[PDB]
Amino acid sequence: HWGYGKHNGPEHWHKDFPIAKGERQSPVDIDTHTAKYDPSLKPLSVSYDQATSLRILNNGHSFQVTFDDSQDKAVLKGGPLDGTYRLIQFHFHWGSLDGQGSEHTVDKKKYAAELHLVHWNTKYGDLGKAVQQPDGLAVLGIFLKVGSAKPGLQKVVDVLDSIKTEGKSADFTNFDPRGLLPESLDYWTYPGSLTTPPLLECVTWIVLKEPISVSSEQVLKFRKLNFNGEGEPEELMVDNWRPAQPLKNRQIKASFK
Ligand SMILES: NS(=O)(=O)c1nnc(-c2ccccc2Cl)s1
Ligand SMILES: [Zn+2]
């Protein structure tokens, strides 16, 4: 029932998911001046060399690329994290125009889109168990701005026409997510939540300072996807982002000066 429209969007979510008004909700505005540099923070460790992508899927709210998470093949650790987190999927949030689309904001600035690489803490055995724990997930967030193309994103955008509508999926093997990372792994981090229902407060957010650049043609292909299923009135999948939520009792830490 939930979505991003006037009658079922983010302002409505608390009715089915009361935690929407909780104490550690995401996304948030990252005030860069107030975020404190924490010299105790370690470099992020991103080990994606053995990543195995499986399928790409339009789930009615975004599109996602899903990985084999049955072994430690693609893992996140270090940074603010204790232990090892397995990559299960990545997806995007984007706007109807280039001046909006990201979920997190930086000094109130919105990016055209935001990439989320979702990982779960292996000590909990599976994603379903992990989301019920305050340190169950680590989501790596990467901003997208419009300019030069990102060659590593092209194999993704070229297949989107085959998953136009809700519930469509396709084989998507041998995709290398290293091709979506910016040069620097400098990051902000804070305790937060899933940004879609069920909005569980299970996420250590790690948001990279450096955005990746994608081309207008690449983002344009995102905007041709549909929220609706095949045979329903066509509603473009655009503006599938939750706005910034109250920071409340939280400190955002920076890994860099
Ligand atoms: N946008 S996000 O990465 O915070 C995210 N929000 N919800 C996610 C989710 C929802 C339902 C089941 C499993 C997952 Cl991983 S992932
Ligand atoms: Zn997301």
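Here, residue 1 is the first one in the sequence, and each next residue gets the next number. Below, each value reflects all heavy atoms present in this structure, side chains not excepted, and no hydrogens, waters or symmetry copies.
Taking the ring axis of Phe222 as reference, the NZ or CZ atom of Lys224 does not stay both within 45° of it and closer than 6.0 Å to the ring centre. Both the sub-6.0 Å distance and the 45° axial angle are not jointly satisfied by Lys209 relative to the ring of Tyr187.
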inquiry  = Evaluate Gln154 against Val157 for side chain to side chain contact (heavy atoms under 4.5 Å, CB included), listing each step before the verdict.
reply    = CA-CA 5 Å; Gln154 195 56 35; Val157 305; 3.2 Å; yes
inquiry  = Run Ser96 and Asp239 through side-chain hydrogen bond (donor to acceptor under 3.5 Å, both in side chains) and show every step you take.
reply    = CA-CA 6 Å; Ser96 52; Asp239 294 320; 2.8 Å; yes
ask   = Do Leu127 and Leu137 pass the side chain to side chain contact (heavy atoms under 4.5 Å, CB included) test, and can you show the C-alpha distance, the side-chain angles, and the key distance before you say yes or no?
value = CA-CA 8 Å; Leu127 176 71; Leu137 301 213; 3.7 Å; yes
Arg55 vs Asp171, side chain to side chain contact (heavy atoms under 4.5 Å, CB included): CA-CA, chis, key distance, verdict = CA-CA 5 Å; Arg55 300 197 55 85; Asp171 177 89; 4.0 Å; yes
task = Apply salt bridge (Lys or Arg N to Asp or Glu O under 4.0 Å) to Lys110 and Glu103, showing your working.
result = CA-CA 8 Å; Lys110 301 175 184 172; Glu103 301 209 297; over 6 Å; no
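Both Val207 and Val28 are members of a single hydrophobic cluster when ILVMFWY side chains are connected at heavy-atom separations under 4.5 Å. In the hydrophobic cluster analysis, where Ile, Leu, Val, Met, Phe, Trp and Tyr join through side-chain heavy atoms closer than 4.5 angstrom, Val106 is grouped apart from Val214. Taken together through direct or relayed side-chain contacts under 4.5 Å among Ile, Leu, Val, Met, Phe, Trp and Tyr, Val219 and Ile56 form part of one hydrophobic cluster. Linking ILVMFWY residues whenever their side-chain heavy atoms come closer than 4.5 Å, directly or via other members, leaves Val159 and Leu57 in distinct clusters. One hydrophobic cluster holds both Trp205 and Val131 under the rule that ILVMFWY side chains link at heavy-atom gaps under 4.5 Å.
Side chain of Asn226 to backbone of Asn228: no donor-acceptor contact under 3.5 angstrom is found. At least one donor-acceptor pair closer than 3.5 Å links the side chain of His119 to the backbone N or O of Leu117.
Partner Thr189 forms a side-chain contact (heavy atoms from CB on, under 4.5 Å) with one of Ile206, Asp38, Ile252 and no other, that one being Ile206. Here the options are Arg250, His104, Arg24, the test is side-chain hydrogen bond (donor to acceptor under 3.5 Å, both in side chains), and the partner is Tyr190; only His104 passes.
Taking the six-membered ring wherever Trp is involved, the centroid distance between the rings of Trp241 and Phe92 does not fall below 6.0 Å.
In this structure, CG in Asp135 is found 8.0 Å from CG in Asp82, a value given to the nearest 0.5 Å. Distance check: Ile19 CD1 to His14 NE2 gives 13.5 Å after rounding to the nearest 0.5 Å.
Side chains of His7 and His12: no donor on one and acceptor on the other come within 3.5 Å. Looking only at atom types and distance, the side chain of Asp69 has a donor-acceptor partner in the side chain of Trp120 under 3.5 Å away.
Ring geometry for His61 against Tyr4 counts as perpendicular: the plane angle is over 60°, on a 0 to 90° scale with 30° as the lower cut.
Taking each heavy atom of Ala74 and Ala51 in turn, the nearest pair found is CB-CB, 3.8 Å. Here the closest non-hydrogen pair linking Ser184 and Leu208 is O-CD1, 4.2 Å.
A salt bridge does not link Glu11 with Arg242: none of the charged nitrogens is closer than 4.0 Å to a carboxylate oxygen. Under the 4.0 Å criterion applied to side-chain N and carboxylate O atoms, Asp176 and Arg178 are assigned as salt-bridge partners. Look at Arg86 and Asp68 and you find no salt bridge, because none of the NZ, NE, NH1 or NH2 atoms lies under 4.0 Å from a carboxylate O.
Within a 6.0 Å radius of NZ in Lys77, no more than 12 heavy atoms belonging to other residues, nucleotides or ligands are found.
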